[PDB]
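Heads up, the thing below is written out as structure tokens.
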Amino acid sequence: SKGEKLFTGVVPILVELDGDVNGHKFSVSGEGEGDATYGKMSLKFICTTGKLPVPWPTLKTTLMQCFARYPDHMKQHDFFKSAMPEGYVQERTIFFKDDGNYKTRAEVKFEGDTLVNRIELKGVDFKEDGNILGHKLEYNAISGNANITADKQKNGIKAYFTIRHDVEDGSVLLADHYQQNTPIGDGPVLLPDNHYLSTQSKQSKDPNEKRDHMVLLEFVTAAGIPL
């Protein structure tokens with residue numbers, strides 16, 4: 001793919017999210033750099049509207065699979081870069097077990113040399129005293145697999161996976177993700193064999209930052225097809 005060539009170096013990242021969860025409006029900005037050669041993203045996110053009304057961990061998966069490292073033997077399965085620079089639409093529904101759901105729609109595309117991820121999120125049916133609106137989730141790192149499958153009908157991909165969010169009481173809040181991606185442009189894309197993306201994450205705070213924020217260092221690798 002021609003899009004693959006746009007990711008061989010370090011790429012500036014810009015993220016914008018407008019959210020509404022049970023009527024609580026908020027916005028998030030992010031910035032960083034991606035180095036897909038190494039599957040790496042270095043990111044910092046800020047809540048631009050004050051305090052986030054949901055836990056940072058619940059937004060991590062919403063807040064750029066184009067930065068995954070595909071091993072050479074799997075490069076024909078990288079839909080995400082093949083859709084660049086025109087980009088793709090990424091939609092999810094995230095079902096939180098015994099709580100509400102998030103519906104997200106994002107456009108991921110280049111604006112010049114910057115990879116931009118613009119997101120709208122709507123959350124409904126959340127429990128005002130639950131683990132999400134009650135802020136009862138551990139601020140720790142999310143790591144694991146996103147299962148990718150071709151969606152030939154939509155000239156794109158679907159993904160599915162469950163995030164296990166640690167709760168402050170030792171329990172787990174399951175977040176069941178259903179994902180659809182469709183190219184924005186009408187140029188040809190790569191439709192993959194089944195595989196997954198493996199994410200390793202380190203989450204931190206900026207000790208000099210007074211705004212509500214999250215710092216992430218992410219490594220994402222495609223896998224599941226043998227050498």
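To be explicit about the labels: the chains of the structure tokens are called A, B, and onward in the order shown, and within each one the residues are counted from 1, while ligands get numbers from 1 in the order they are shown.
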
Skip residue 102 (chain A) itself and residues of its chain fewer than 2 positions away, then list as an mmCIF file with C-alpha atoms, in the first residue's frame all residues within 8 Å of it, counting only C-alpha atoms.
data_model
loop_
_atom_site.group_PDB
_atom_site.id
_atom_site.type_symbol
_atom_site.label_atom_id
_atom_site.label_comp_id
_atom_site.auth_asym_id
_atom_site.auth_seq_id
_atom_site.Cartn_x
_atom_site.Cartn_y
_atom_site.Cartn_z
ATOM 1 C CA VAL A 21 -22.575 10.879 28.730
ATOM 2 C CA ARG A 92 -17.870 1.500 18.002
ATOM 3 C CA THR A 93 -20.496 0.541 20.482
ATOM 4 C CA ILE A 94 -18.950 -0.224 23.867
ATOM 5 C CA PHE A 95 -21.316 -2.136 26.172
ATOM 6 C CA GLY A 100 -24.619 2.091 29.934
ATOM 7 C CA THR A 104 -18.427 6.514 19.088
ATOM 8 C CA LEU A 121 -18.981 9.991 21.752
ATOM 9 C CA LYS A 122 -22.501 9.563 23.140
ATOM 10 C CA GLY A 123 -23.153 7.629 26.350
ATOM 11 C CA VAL A 124 -26.647 6.699 27.543
#

### Task
Pick out the residues sitting within 8 Å of residue 219 (chain A), and hand them over as a list in words; count only C-alpha atoms, and ignore anything fewer than 5 positions along from it in its own chain.
residues 38, 39, 40, 41, 68, 199, 200 and 201 of chain A

I need the residues from that last selection saved to file as a CSV table (one decimal), in the first residue's frame (with N, CA, C and O atoms), if you can.
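Dumped to again_27.csv:
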chain,number,residue,atom,x,y,z
A,38,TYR,N,7.9,0.9,15.0
A,38,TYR,CA,8.1,0.2,16.3
A,38,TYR,C,6.8,0.1,17.0
A,38,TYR,O,6.8,-0.3,18.2
A,39,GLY,N,5.7,0.3,16.3
A,39,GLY,CA,4.3,0.2,16.9
A,39,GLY,C,4.1,1.2,18.0
A,39,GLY,O,3.2,0.9,18.8
A,40,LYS,N,4.8,2.3,18.0
A,40,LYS,CA,4.8,3.2,19.2
A,40,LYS,C,4.0,4.4,19.0
A,40,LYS,O,4.0,5.1,18.0
A,41,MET,N,3.2,4.8,20.1
A,41,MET,CA,2.6,6.1,20.2
A,41,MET,C,3.0,6.7,21.6
A,41,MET,O,2.9,5.9,22.6
A,68,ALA,N,-0.1,0.7,14.4
A,68,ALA,CA,0.3,-0.7,14.7
A,68,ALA,C,1.6,-1.0,13.9
A,68,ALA,O,1.7,-0.6,12.7
A,199,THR,N,-1.8,-4.8,22.3
A,199,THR,CA,-1.4,-3.5,22.8
A,199,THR,C,-0.7,-3.7,24.2
A,199,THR,O,-1.3,-4.5,25.0
A,200,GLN,N,0.4,-3.1,24.3
A,200,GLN,CA,1.1,-2.9,25.7
A,200,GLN,C,1.1,-1.4,26.0
A,200,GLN,O,1.3,-0.6,25.1
A,201,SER,N,0.7,-1.1,27.2
A,201,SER,CA,0.5,0.3,27.6
A,201,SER,C,1.1,0.6,28.9
A,201,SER,O,1.1,-0.3,29.8

Quick check for you: according to DSSP on this backbone, which residues of region 3-187 of chain A are classed as alpha helix (DSSP H)? Reply as a CSV table (one decimal) with C-alpha atoms, in the first residue's frame.
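Result went into out23.csv, see below:
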chain,number,residue,atom,x,y,z
A,79,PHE,CA,-6.2,-2.1,6.2
A,80,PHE,CA,-5.6,1.0,8.4
A,81,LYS,CA,-2.6,2.4,6.6
A,82,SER,CA,-3.9,1.3,3.2

### Query
If you count only C-alpha atoms, which residues fall within 7 Å of region 49-61 of chain A, apart from same-chain ones fewer than 4 positions away, as a ChimeraX atom specification?
/A:24,26-27,132-133,135,137,139,212

What's around residue 105 (chain A) at 6 Å? Count only C-alpha atoms, leave out sequence neighbours fewer than 3 positions away in its own chain, and write the answer as an mmCIF file with N, CA, C and O atoms, in the first residue's frame.
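So selection_28.cif came out as:
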data_model
loop_
_atom_site.group_PDB
_atom_site.id
_atom_site.type_symbol
_atom_site.label_atom_id
_atom_site.label_comp_id
_atom_site.auth_asym_id
_atom_site.auth_seq_id
_atom_site.Cartn_x
_atom_site.Cartn_y
_atom_site.Cartn_z
ATOM 1 N N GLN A 90 -14.082 5.226 11.980
ATOM 2 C CA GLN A 90 -14.061 4.165 13.015
ATOM 3 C C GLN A 90 -15.263 4.373 13.933
ATOM 4 O O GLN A 90 -15.350 5.473 14.543
ATOM 5 N N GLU A 91 -16.185 3.418 13.945
ATOM 6 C CA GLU A 91 -17.377 3.456 14.821
ATOM 7 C C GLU A 91 -17.294 2.297 15.770
ATOM 8 O O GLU A 91 -16.993 1.176 15.384
ATOM 9 N N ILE A 119 -13.380 12.749 17.032
ATOM 10 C CA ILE A 119 -14.272 11.744 17.654
ATOM 11 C C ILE A 119 -15.493 12.448 18.238
ATOM 12 O O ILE A 119 -15.348 13.527 18.899
ATOM 13 N N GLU A 120 -16.658 11.847 18.046
ATOM 14 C CA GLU A 120 -17.867 12.191 18.824
ATOM 15 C C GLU A 120 -18.301 10.929 19.564
ATOM 16 O O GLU A 120 -18.359 9.837 18.959
#

### Query
How many Å separate CA of residue 6 (chain A) from CA of residue 156 (chain A)?
19.4 Å

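When only C-alpha atoms are used to compute distances to residue 72 (chain A), the closest of the residues A:37, A:42, A:204, A:101 turns out to be A:37.
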
### Sel. of strand (DSSP E) residues, region 81-223 of chain A, as number ranges by chain
A: 88-96, 101-111, 114-124, 144-151, 156-166, 172-183, 195-204, 213-223

Selected residues written out, C-alpha atoms, as a PDB file, in the first residue's frame:
ATOM      1  CA  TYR A  88     -11.220   5.863   7.625  1.00  0.00           C
ATOM      2  CA  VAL A  89     -14.333   6.136   9.746  1.00  0.00           C
ATOM      3  CA  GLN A  90     -14.061   4.165  13.015  1.00  0.00           C
ATOM      4  CA  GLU A  91     -17.377   3.456  14.821  1.00  0.00           C
ATOM      5  CA  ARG A  92     -17.870   1.500  18.002  1.00  0.00           C
ATOM      6  CA  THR A  93     -20.496   0.541  20.482  1.00  0.00           C
ATOM      7  CA  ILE A  94     -18.950  -0.224  23.867  1.00  0.00           C
ATOM      8  CA  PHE A  95     -21.316  -2.136  26.172  1.00  0.00           C
ATOM      9  CA  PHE A  96     -20.359  -1.760  29.866  1.00  0.00           C
ATOM     10  CA  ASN A 101     -23.034   2.025  26.504  1.00  0.00           C
ATOM     11  CA  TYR A 102     -20.851   4.428  24.504  1.00  0.00           C
ATOM     12  CA  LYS A 103     -21.467   4.921  20.777  1.00  0.00           C
ATOM     13  CA  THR A 104     -18.427   6.514  19.088  1.00  0.00           C
ATOM     14  CA  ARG A 105     -17.790   7.806  15.594  1.00  0.00           C
ATOM     15  CA  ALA A 106     -14.337   8.967  14.570  1.00  0.00           C
ATOM     16  CA  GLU A 107     -12.571  10.095  11.398  1.00  0.00           C
ATOM     17  CA  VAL A 108      -8.870   9.239  11.258  1.00  0.00           C
ATOM     18  CA  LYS A 109      -6.993  10.934   8.402  1.00  0.00           C
ATOM     19  CA  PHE A 110      -4.002  13.080   7.542  1.00  0.00           C
ATOM     20  CA  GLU A 111      -4.127  16.864   7.636  1.00  0.00           C
ATOM     21  CA  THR A 114      -0.386  15.313  11.085  1.00  0.00           C
ATOM     22  CA  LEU A 115      -2.528  12.207  11.752  1.00  0.00           C
ATOM     23  CA  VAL A 116      -5.805  13.583  13.122  1.00  0.00           C
ATOM     24  CA  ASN A 117      -8.375  11.548  15.062  1.00  0.00           C
ATOM     25  CA  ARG A 118     -11.700  13.482  15.452  1.00  0.00           C
ATOM     26  CA  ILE A 119     -14.272  11.744  17.654  1.00  0.00           C
ATOM     27  CA  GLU A 120     -17.867  12.191  18.824  1.00  0.00           C
ATOM     28  CA  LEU A 121     -18.981   9.991  21.752  1.00  0.00           C
ATOM     29  CA  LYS A 122     -22.501   9.563  23.140  1.00  0.00           C
ATOM     30  CA  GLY A 123     -23.153   7.629  26.350  1.00  0.00           C
ATOM     31  CA  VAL A 124     -26.647   6.699  27.543  1.00  0.00           C
ATOM     32  CA  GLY A 144      -4.505  -6.956  25.332  1.00  0.00           C
ATOM     33  CA  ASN A 145      -5.895  -7.924  21.977  1.00  0.00           C
ATOM     34  CA  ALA A 146      -8.221  -6.417  19.339  1.00  0.00           C
ATOM     35  CA  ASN A 147      -9.545  -9.142  16.977  1.00  0.00           C
ATOM     36  CA  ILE A 148      -9.653  -7.865  13.335  1.00  0.00           C
ATOM     37  CA  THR A 149     -11.739  -9.365  10.500  1.00  0.00           C
ATOM     38  CA  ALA A 150     -12.439  -8.242   6.956  1.00  0.00           C
ATOM     39  CA  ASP A 151     -15.768  -6.553   6.169  1.00  0.00           C
ATOM     40  CA  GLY A 156     -13.318  -2.283   5.488  1.00  0.00           C
ATOM     41  CA  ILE A 157     -12.813  -4.184   8.738  1.00  0.00           C
ATOM     42  CA  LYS A 158     -14.715  -5.125  11.890  1.00  0.00           C
ATOM     43  CA  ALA A 159     -13.067  -5.632  15.293  1.00  0.00           C
ATOM     44  CA  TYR A 160     -14.204  -7.126  18.558  1.00  0.00           C
ATOM     45  CA  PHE A 161     -12.660  -7.421  22.004  1.00  0.00           C
ATOM     46  CA  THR A 162     -13.494  -7.057  25.709  1.00  0.00           C
ATOM     47  CA  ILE A 163     -11.565  -4.689  28.015  1.00  0.00           C
ATOM     48  CA  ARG A 164     -11.428  -5.768  31.672  1.00  0.00           C
ATOM     49  CA  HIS A 165     -11.398  -2.497  33.689  1.00  0.00           C
ATOM     50  CA  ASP A 166     -10.133  -2.923  37.266  1.00  0.00           C
ATOM     51  CA  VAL A 172     -13.796  -6.160  36.991  1.00  0.00           C
ATOM     52  CA  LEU A 173     -16.004  -4.012  34.732  1.00  0.00           C
ATOM     53  CA  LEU A 174     -16.227  -5.715  31.318  1.00  0.00           C
ATOM     54  CA  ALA A 175     -16.399  -3.344  28.339  1.00  0.00           C
ATOM     55  CA  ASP A 176     -17.601  -5.304  25.257  1.00  0.00           C
ATOM     56  CA  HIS A 177     -16.305  -3.503  22.095  1.00  0.00           C
ATOM     57  CA  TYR A 178     -17.886  -3.822  18.653  1.00  0.00           C
ATOM     58  CA  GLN A 179     -16.010  -1.900  15.968  1.00  0.00           C
ATOM     59  CA  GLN A 180     -16.554  -1.106  12.252  1.00  0.00           C
ATOM     60  CA  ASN A 181     -14.073   0.766  10.039  1.00  0.00           C
ATOM     61  CA  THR A 182     -14.828   2.045   6.522  1.00  0.00           C
ATOM     62  CA  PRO A 183     -12.544   3.969   4.188  1.00  0.00           C
ATOM     63  CA  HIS A 195      -5.546 -11.439  12.921  1.00  0.00           C
ATOM     64  CA  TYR A 196      -5.293  -9.374  16.075  1.00  0.00           C
ATOM     65  CA  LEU A 197      -3.538  -6.267  17.365  1.00  0.00           C
ATOM     66  CA  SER A 198      -1.696  -6.691  20.688  1.00  0.00           C
ATOM     67  CA  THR A 199      -1.446  -3.514  22.833  1.00  0.00           C
ATOM     68  CA  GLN A 200       1.113  -2.939  25.665  1.00  0.00           C
ATOM     69  CA  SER A 201       0.454   0.287  27.561  1.00  0.00           C
ATOM     70  CA  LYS A 202       2.129   2.406  30.246  1.00  0.00           C
ATOM     71  CA  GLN A 203      -0.121   5.094  31.774  1.00  0.00           C
ATOM     72  CA  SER A 204       1.149   8.018  33.857  1.00  0.00           C
ATOM     73  CA  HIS A 213      -5.043  14.612  31.926  1.00  0.00           C
ATOM     74  CA  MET A 214      -3.657  11.203  30.934  1.00  0.00           C
ATOM     75  CA  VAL A 215      -0.188  10.363  29.581  1.00  0.00           C
ATOM     76  CA  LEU A 216       0.156   7.126  27.604  1.00  0.00           C
ATOM     77  CA  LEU A 217       3.011   5.203  26.043  1.00  0.00           C
ATOM     78  CA  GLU A 218       1.530   2.556  23.763  1.00  0.00           C
ATOM     79  CA  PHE A 219       3.061  -0.269  21.701  1.00  0.00           C
ATOM     80  CA  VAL A 220       0.765  -2.026  19.235  1.00  0.00           C
ATOM     81  CA  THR A 221       1.762  -5.134  17.228  1.00  0.00           C
ATOM     82  CA  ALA A 222      -0.191  -7.170  14.692  1.00  0.00           C
ATOM     83  CA  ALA A 223      -0.074 -10.939  15.310  1.00  0.00           C
TER      84      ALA A 223
END

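Nearest residue to residue 140 (chain A), choosing from A:75, A:194, A:167, A:65 and counting only C-alpha atoms: A:167.
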
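With only C-alpha atoms as the basis for measurement, A:186 is the residue among A:113, A:186, A:98, A:18 that approaches residue 154 (chain A) most closely.
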